[PDB]
Amino acid sequence: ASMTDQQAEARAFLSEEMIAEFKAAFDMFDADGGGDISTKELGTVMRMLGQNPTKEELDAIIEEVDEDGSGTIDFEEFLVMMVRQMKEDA
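Conventions used here
Residues numbered from 1 in each chain as written, not as in the entry; some residues may be left out. Heavy atoms only, no water. Core = buried A, V, L, I, M, F, W, Y, C linked by side-chain atoms within 4.5 Å. Buried < 20%, exposed > 50% of the residue type's maximum accessible area, 1.4 Å probe, protein only. Helix = DSSP H or I, 4+ residues; strand = E, 2+ residues; numbered from the N terminus. Contact = heavy atoms within 4.5 Å.

Notes on the nonpolar core
Turning to step 1, where the next piece is worked out: The biggest cluster of nonpolar side chains holds 20 residues, and the ones touching the most others in it are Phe26, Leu42, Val45, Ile73, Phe78 and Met81.
Turning to step 2, where the next piece is worked out: Listed by contribution, the elements that provide at least two residues to this core are α2 (16-26), α3 (42-47), α4 (55-66) and α5 (75-89).
Turning to step 3, where the next piece is worked out: Ranked by residue count, the leading element in this core is α5, at seven residues.
Turning to step 4, where the next piece is worked out: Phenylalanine 78 has contacts with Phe26, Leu42, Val45, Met46 and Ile73, leaving out every residue within four places of it along the chain.

Written out as structure tokens, the structure reads:
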């Protein structure tokens, strides 16, 4: 899919330092994923970080990153959901 592109540019848009910030924050819901929280909790991880994922929008991303055959979201693949939304708050 064309997501493999926004997966590397989603975290590269900033310095690796920030990525470490989303670690303790993104892992806040990785009690059973470790490197990926339930797509349902994908709105709180990016929202509690300082952004605001809308349901209609958060739903399009989940179903989009959920059809990968995993059911949840990956850290690197989730980054896009961070900058893409922070693009306005940043």
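Overview of the side chain of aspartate 30
Turning to step 1, where the next piece is worked out: Its location among the elements puts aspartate 30 in the loop between α2 and α3.
Turning to step 2, where the next piece is worked out: Every residue in contact with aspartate 30, bar those within four places of it in the chain, is listed here: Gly35, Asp36 and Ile37.

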